[PDB]
Amino acid sequence: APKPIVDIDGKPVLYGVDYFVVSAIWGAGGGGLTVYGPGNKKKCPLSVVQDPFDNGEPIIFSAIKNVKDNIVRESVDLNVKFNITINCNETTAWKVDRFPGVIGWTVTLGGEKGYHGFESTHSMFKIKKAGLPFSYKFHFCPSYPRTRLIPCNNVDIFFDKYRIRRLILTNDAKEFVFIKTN
Amino acid sequence: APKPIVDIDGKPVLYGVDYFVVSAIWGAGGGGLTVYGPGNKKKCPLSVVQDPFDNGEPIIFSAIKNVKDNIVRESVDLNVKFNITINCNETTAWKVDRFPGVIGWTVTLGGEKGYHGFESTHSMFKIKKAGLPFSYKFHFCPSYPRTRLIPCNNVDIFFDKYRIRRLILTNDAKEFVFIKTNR
Ligand SMILES: *[C@@H]1O[C@H](CO)[C@@H](O[C@@H]2O[C@H](CO)[C@@H](O)[C@H](O)[C@H]2NC(C)=O)[C@H](O[C@@H]2O[C@@H](C)[C@@H](O)[C@@H](O)[C@@H]2O)[C@H]1NC(C)=O
Ligand SMILES: *[C@@H]1O[C@H](CO)[C@@H](O[C@@H]2O[C@H](CO)[C@@H](O)[C@H](O)[C@H]2NC(C)=O)[C@H](O[C@@H]2O[C@@H](C)[C@@H](O)[C@@H](O)[C@@H]2O)[C@H]1NC(C)=O
Ligand SMILES: [Co+2]
Ligand SMILES: [Co+2]
Ligand SMILES: [N+]
Ligand SMILES: [N+]
Ligand SMILES: [N+]
């Protein structure tokens, strides 16, 4: 079986539980994850961004299949959402999609949950071990049937024209640790 | 008070207890610390090197002042040694010195403990927080009087001509975590 993902305290990361997802590297690159709109006058729609000032907002992982031990494991497709309320008309779940002002594929909100065909895989992410203590990266490469529209890639930070730290699909990966919220 | 140094399990690092001192970064940069000679036919004297293949050899920190709670704290001068036996006629304690064949100041064996003579400060190291989870660097800059011979600097890894991974004083710092050997 794939290895369990562990949190910063070495305990298994679990589905249905709030975690902060926080940069493993401190300083300029430090910060957890939150949401923000395009960055100009429009408030909506939202994408996933890095907050440089704090550990960000709580995130919950949801399993695709029934996972009886409730443990999140390496390189298994899963769903991701922020456990917060927002004022845009969309879910708080992550997906890969086009986002205005950003070339390429962005991690946005408005994601779906579960498998129900090709497009639902655009809401599936994998968590893989990275090269720092207790650290992981997000990777997009679903193992469920889908079209070839979105190429497989790691998730990393990209500074947009407003210097908002967007998460996008790209060759390199951002390293994160998981910190149980409570 | 300064914060405790913590080990990879988040427990305070203690004086007089064995730890492996292991690279925070995996892959090519991975491995703990051990000792090796100048790299040619001579076995002696020894310097501190990174073993790329495993967590290395056990290391013990010793306090310079009396530390009642026995906890190693950030930015406090301390002594470092390997808790191993060697076949060179020197102590297993770390110090900064010139080492045969290596340009600049190297972390070698043959160190002293405590504070008798200005030379003994060349065996004093500080552990400072680095920018990765549970990660730290060694910094040489003693807080006790000494000669101006050895400049303050961080400790990092340098591949010598044999590709032996020497620890030297330099601007950049190698990030390490501490793993209790009885774990
Ligand atoms: C998701 O966020 C919710 C909204 O913050 C959390 O529920 C809230 O938890 C508060 C304590 O942190 C408590 O005041 C509120 O009563 C509660 N609000 C509602 C509408 O339930 C929720 O936190 C979890 O669920 C509740 C029932 C408590 O057991 C918390 O300790 C749990 O963390 C967050 N997480 C989940 C998985 O829903
Ligand atoms: C320093 O290294 C010594 C030599 O390896 C350790 O002592 C040895 O520990 C062995 C168990 O790992 C035990 O078989 C040997 O009897 C013992 N050898 C001698 C000469 O004592 C020492 O380990 C600590 O002390 C011993 C007595 C046990 O209590 C161990 O559990 C301790 O870790 C190493 N550490 C120190 C602080 O001396
Ligand atoms: Co070895
Ligand atoms: Co005297
Ligand atoms: N916004
Ligand atoms: N040697
Ligand atoms: N001296």
# chains A, B, ... in the order shown; residues from 1 in each chain; ligands from 1

$ residues_near_ligand --ligand "ligand 6" --cutoff "6 Å" --atoms "only C-alpha atoms and all ligand atoms" --output "list in words"
residues 36, 37, 39 and 43 of chain B

$ select_by_dssp --residues "chain A" --states "strand (DSSP E or B)" --output "ChimeraX atom specification"
/A:4,6,12,14,19-23,32-36,47-51,56,59-63,71,73,78-82,93,95-99,102-108,125-129,136-140,153-159,165-170,176-180

$ residues_near_ligand --ligand "ligand 1" --cutoff "9 Å" --atoms "only C-alpha atoms and all ligand atoms" --output "list in words"
residues 15, 16, 17, 18, 58, 59, 60, 82, 83, 84, 85, 181 and 182 of chain A

$ interface_residues --of "chain A" --to "chain B" --cutoff "9 Å" --atoms "only C-alpha atoms" --output "ChimeraX atom specification"
/A:8-10,24-27,130-135,177

$ closest_atom_pairs --of "chain B" --to "ligand 2" --cutoff "7 Å" --atoms "only C-alpha atoms and all ligand atoms" --output "Markdown table"
| residue | atom | partner | partner_atom_place_in_ligand_line | distance |
| --- | --- | --- | --- | --- |
| B:16 | CA | ligand 2 | 37 (C) | 5.3 |
| B:17 | CA | ligand 2 | 37 (C) | 4.9 |
| B:18 | CA | ligand 2 | 35 (N) | 5.7 |
| B:83 | CA | ligand 2 | 1 (C) | 4.8 |
| B:84 | CA | ligand 2 | 2 (O) | 6.2 |
| B:182 | CA | ligand 2 | 33 (O) | 7.0 |

$ residues_near_ligand --ligand "ligand 4" --cutoff "10 Å" --atoms "only C-alpha atoms and all ligand atoms" --output "list in words"
residues 115, 116 and 117 of chain B

$ residues_near_ligand --ligand "ligand 5" --cutoff "12 Å" --atoms "only C-alpha atoms and all ligand atoms" --output "PDB file with C-alpha atoms, in the first residue's frame"
ATOM      1  CA  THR A  34      -6.195  30.963   1.051  1.00  0.00           C
ATOM      2  CA  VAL A  35      -8.413  32.366  -1.766  1.00  0.00           C
ATOM      3  CA  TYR A  36      -8.492  35.583  -3.786  1.00  0.00           C
ATOM      4  CA  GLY A  37     -10.229  36.992  -6.839  1.00  0.00           C
ATOM      5  CA  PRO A  38      -8.600  38.312 -10.041  1.00  0.00           C
ATOM      6  CA  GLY A  39      -7.009  41.215  -8.147  1.00  0.00           C
ATOM      7  CA  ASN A  40      -8.575  44.194  -9.910  1.00  0.00           C
ATOM      8  CA  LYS A  41     -12.058  45.627  -9.326  1.00  0.00           C
ATOM      9  CA  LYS A  42     -13.803  42.245  -9.680  1.00  0.00           C
ATOM     10  CA  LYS A  43     -14.109  40.239  -6.464  1.00  0.00           C
ATOM     11  CA  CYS A  44     -15.002  36.933  -8.195  1.00  0.00           C
ATOM     12  CA  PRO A  45     -14.278  34.219  -9.194  1.00  0.00           C
ATOM     13  CA  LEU A  46     -11.629  32.892  -6.764  1.00  0.00           C
ATOM     14  CA  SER A  47      -8.377  30.982  -7.091  1.00  0.00           C
ATOM     15  CA  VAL A  48      -6.117  29.357  -4.514  1.00  0.00           C
ATOM     16  CA  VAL A  49      -3.296  31.630  -3.425  1.00  0.00           C
ATOM     17  CA  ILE A  86     -16.988  32.773   0.562  1.00  0.00           C
ATOM     18  CA  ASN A  87     -18.999  35.436  -1.246  1.00  0.00           C
ATOM     19  CA  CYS A  88     -18.656  34.098  -4.770  1.00  0.00           C
ATOM     20  CA  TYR A 162      -0.609  42.048  -9.012  1.00  0.00           C
ATOM     21  CA  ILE A 164      -0.677  37.650  -5.969  1.00  0.00           C
TER      22      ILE A 164
END

$ closest_atom_pairs --of "chain B" --to "ligand 7" --cutoff "10 Å" --atoms "only C-alpha atoms and all ligand atoms" --output "JSON lines"
{"residue": "B:115", "atom": "CA", "partner": "ligand 7", "partner_atom_place_in_ligand_line": "1 (N)", "distance": 9.4}
{"residue": "B:116", "atom": "CA", "partner": "ligand 7", "partner_atom_place_in_ligand_line": "1 (N)", "distance": 7.2}
{"residue": "B:117", "atom": "CA", "partner": "ligand 7", "partner_atom_place_in_ligand_line": "1 (N)", "distance": 3.7}
{"residue": "B:118", "atom": "CA", "partner": "ligand 7", "partner_atom_place_in_ligand_line": "1 (N)", "distance": 3.9}
{"residue": "B:119", "atom": "CA", "partner": "ligand 7", "partner_atom_place_in_ligand_line": "1 (N)", "distance": 3.8}
{"residue": "B:120", "atom": "CA", "partner": "ligand 7", "partner_atom_place_in_ligand_line": "1 (N)", "distance": 6.4}
{"residue": "B:121", "atom": "CA", "partner": "ligand 7", "partner_atom_place_in_ligand_line": "1 (N)", "distance": 8.4}
{"residue": "B:122", "atom": "CA", "partner": "ligand 7", "partner_atom_place_in_ligand_line": "1 (N)", "distance": 9.4}
{"residue": "B:146", "atom": "CA", "partner": "ligand 7", "partner_atom_place_in_ligand_line": "1 (N)", "distance": 8.1}
{"residue": "B:147", "atom": "CA", "partner": "ligand 7", "partner_atom_place_in_ligand_line": "1 (N)", "distance": 8.6}

$ write_last_selection --atoms "N, CA, C and O atoms" --output "PDB file, in the first residue's frame"
ATOM      1  N   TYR B 115      36.402  26.143  28.533  1.00  0.00           N
ATOM      2  CA  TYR B 115      37.012  27.402  28.132  1.00  0.00           C
ATOM      3  C   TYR B 115      38.290  27.608  28.931  1.00  0.00           C
ATOM      4  O   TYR B 115      38.308  28.315  29.947  1.00  0.00           O
ATOM      5  N   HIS B 116      39.339  26.931  28.486  1.00  0.00           N
ATOM      6  CA  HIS B 116      40.681  27.196  28.976  1.00  0.00           C
ATOM      7  C   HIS B 116      41.591  27.465  27.795  1.00  0.00           C
ATOM      8  O   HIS B 116      41.864  26.571  26.987  1.00  0.00           O
ATOM      9  N   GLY B 117      42.056  28.701  27.701  1.00  0.00           N
ATOM     10  CA  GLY B 117      42.878  29.152  26.596  1.00  0.00           C
ATOM     11  C   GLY B 117      41.976  29.675  25.497  1.00  0.00           C
ATOM     12  O   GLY B 117      40.865  29.174  25.287  1.00  0.00           O
ATOM     13  N   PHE B 118      42.436  30.701  24.795  1.00  0.00           N
ATOM     14  CA  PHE B 118      41.644  31.268  23.719  1.00  0.00           C
ATOM     15  C   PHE B 118      41.433  30.248  22.604  1.00  0.00           C
ATOM     16  O   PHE B 118      40.414  30.285  21.926  1.00  0.00           O
ATOM     17  N   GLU B 119      42.394  29.349  22.417  1.00  0.00           N
ATOM     18  CA  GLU B 119      42.275  28.328  21.372  1.00  0.00           C
ATOM     19  C   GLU B 119      41.013  27.488  21.573  1.00  0.00           C
ATOM     20  O   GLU B 119      40.415  27.027  20.606  1.00  0.00           O
ATOM     21  N   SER B 120      40.622  27.267  22.828  1.00  0.00           N
ATOM     22  CA  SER B 120      39.485  26.382  23.123  1.00  0.00           C
ATOM     23  C   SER B 120      38.173  26.919  22.534  1.00  0.00           C
ATOM     24  O   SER B 120      37.211  26.168  22.329  1.00  0.00           O
ATOM     25  N   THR B 121      38.118  28.212  22.259  1.00  0.00           N
ATOM     26  CA  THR B 121      36.918  28.771  21.643  1.00  0.00           C
ATOM     27  C   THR B 121      36.727  28.259  20.200  1.00  0.00           C
ATOM     28  O   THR B 121      35.628  28.319  19.660  1.00  0.00           O
ATOM     29  N   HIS B 122      37.787  27.749  19.586  1.00  0.00           N
ATOM     30  CA  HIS B 122      37.680  27.210  18.226  1.00  0.00           C
ATOM     31  C   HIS B 122      36.900  25.893  18.228  1.00  0.00           C
ATOM     32  O   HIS B 122      36.572  25.351  17.164  1.00  0.00           O
ATOM     33  N   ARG B 146      38.631  35.779  22.370  1.00  0.00           N
ATOM     34  CA  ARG B 146      39.562  34.947  21.627  1.00  0.00           C
ATOM     35  C   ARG B 146      40.386  35.827  20.705  1.00  0.00           C
ATOM     36  O   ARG B 146      40.171  37.040  20.650  1.00  0.00           O
ATOM     37  N   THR B 147      41.331  35.221  19.988  1.00  0.00           N
ATOM     38  CA  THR B 147      42.082  35.953  18.970  1.00  0.00           C
ATOM     39  C   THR B 147      41.210  36.181  17.731  1.00  0.00           C
ATOM     40  O   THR B 147      40.149  35.569  17.576  1.00  0.00           O
TER      41      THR B 147
END

$ residues_near_ligand --ligand "ligand 3" --cutoff "7 Å" --atoms "only C-alpha atoms and all ligand atoms" --output "MDAnalysis selection string"
chainID B and resid 51:54 56

$ atom_distance --atom1 "CA of residue 183 in chain B" --atom2 "CA of residue 4 in chain B"
19.2 Å
